[PDB]
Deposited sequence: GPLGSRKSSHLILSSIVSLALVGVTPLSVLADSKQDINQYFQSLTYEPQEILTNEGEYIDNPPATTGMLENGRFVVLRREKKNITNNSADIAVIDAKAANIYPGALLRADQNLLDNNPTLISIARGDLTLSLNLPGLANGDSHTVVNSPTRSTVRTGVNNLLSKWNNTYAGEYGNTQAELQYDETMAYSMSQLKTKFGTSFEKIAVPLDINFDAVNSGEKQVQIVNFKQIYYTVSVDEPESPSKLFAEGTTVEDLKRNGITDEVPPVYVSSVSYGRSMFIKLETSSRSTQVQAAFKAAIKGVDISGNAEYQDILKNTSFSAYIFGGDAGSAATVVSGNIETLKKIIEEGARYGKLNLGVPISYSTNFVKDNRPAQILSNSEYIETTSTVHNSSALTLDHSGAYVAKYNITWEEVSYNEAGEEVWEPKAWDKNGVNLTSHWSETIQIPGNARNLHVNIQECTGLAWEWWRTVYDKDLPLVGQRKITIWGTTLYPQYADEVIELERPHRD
């Protein structure tokens, strides 16, 4: 009996579907740079990404050996999203057609001598029975949106976020890891899946029910306690769109910007910082819907992306789609074949700190002592902050009657303090403090003292730029 042998099969499913790989070392200590009156704080930290899932998203419509009820081997091939098919005498099995939100549809059909052709035929009579009357030919309300976003930092971490095919779409996607690492550009990758339907296979009550003259014709197909058999349980059909979004923006509101952008929820309206969207250059690898043969690569601009997703969503059809994701189960215990994958990577985040301008104006019938101070950030080795004391070069200096000077506090500065005093004709209170405050490093700030020795009057004003 086969079931007995299947029950005797002693393997470790999870350990045979594992993807290690760290090779991360240690990232160069965080540093600080000066660029065009701005301060660039570069901080890159070592992180780890993990992905354990039995839902395999496809990529190459040609490298597809996937179909509902497909009997596949459980090996490195299956692990690398390039499984091996076991073409043996197949046992009749029942297939069902699941739709996103079609109430109680779930059309069922029987399948004899299971194979690409037969399954294709079943799915054909299904989809045909569906399109024949139901108003769901070109589009169907809201197909299942499977949105998988992630900021790009490492080919491997992307290989973990999507699998071992992003290595295949990498060239078309054109990702700038060097730039991201340098901190120049910022790029997010988004797996936008748009499932129109989903073919399900009735869980085999028994391996015997799956495969009756199959006495021991298993060892002649590659079945062993070393190479367990799996079967494609569910296959999702729709439009798969792997989009790459690059922008020269900073590390502020980017995620939200991109996500909201891709989701296209009229974010444009009341969009505080939309410079990212005005600087969103994209490149998308799409397949499904528009065609059931080849894929399409489109590089361009934010708008082009919007109109491309909008014209790619409800412009396709339902008649016949392409496999964009699938799932398989072990033949023995019908356990979900959950591929695991780990990957350490480097998250590189930079921060811009603008210059600061402090104008000083003296209009007093007297002599005014000036005294302004602050501290500057120094990023030495070990990536540890080093705040260094700084004071105005003319500090302690006393200015006569009228004076004026604008000062340029660097971006890597903080804890600004201003202290200005005025000389009085008094011997007891020779010096009278006029102004003394801790000040925020706002864009532009003008401080104007003026008036009489017996009465000094000041003015602290703040201005903007652009």
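Several segments of the deposited sequence are absent from the coordinates, namely 1 to 35, 247 to 248, 504 to 508.
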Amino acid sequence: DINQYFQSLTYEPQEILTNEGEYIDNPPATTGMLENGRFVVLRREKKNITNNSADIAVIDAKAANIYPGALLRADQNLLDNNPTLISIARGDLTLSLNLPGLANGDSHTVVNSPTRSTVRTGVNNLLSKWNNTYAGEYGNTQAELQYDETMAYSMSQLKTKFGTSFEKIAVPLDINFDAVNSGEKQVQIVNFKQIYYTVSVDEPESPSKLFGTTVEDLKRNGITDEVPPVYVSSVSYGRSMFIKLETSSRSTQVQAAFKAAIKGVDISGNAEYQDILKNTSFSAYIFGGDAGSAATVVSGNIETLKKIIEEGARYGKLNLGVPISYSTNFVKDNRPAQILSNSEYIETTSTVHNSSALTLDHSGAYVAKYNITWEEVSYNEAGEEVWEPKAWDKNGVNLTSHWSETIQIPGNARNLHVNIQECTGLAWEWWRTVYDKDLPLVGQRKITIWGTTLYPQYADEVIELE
From here on, numbers count along this sequence of modelled residues.
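Higher average CA B factor: 93 to 101, of the stretches 172 to 180 and 93 to 101. Legend: mean Cα B-factor per stretch from the PDB entry, 355 to 363 versus 75 to 83; the higher mean is in 75 to 83. Of the candidates 286, 210, 199, 158, the PDB record gives 210 the highest C-alpha temperature factor. Considering 250, 394, 239, 369 together, the PDB entry gives 250 the largest C-alpha B factor. Compared with the other modelled residues of the chain, the Cα B-factor recorded for residue 144 ranks in the middle third. Ranked by Cα temperature factor within the chain, residue 258 sits in the middle third according to the deposited record.
Among the modelled residues of its chain, residue 229 has a C-alpha B-factor that falls in the middle third, as given in the PDB entry. Per the PDB record, residue ranking by Cα B-factor puts residue 400 in the middle third of the chain. Placement of the Cα temperature factor of residue 62 within the chain: highest third of the modelled residues, per the deposited record.
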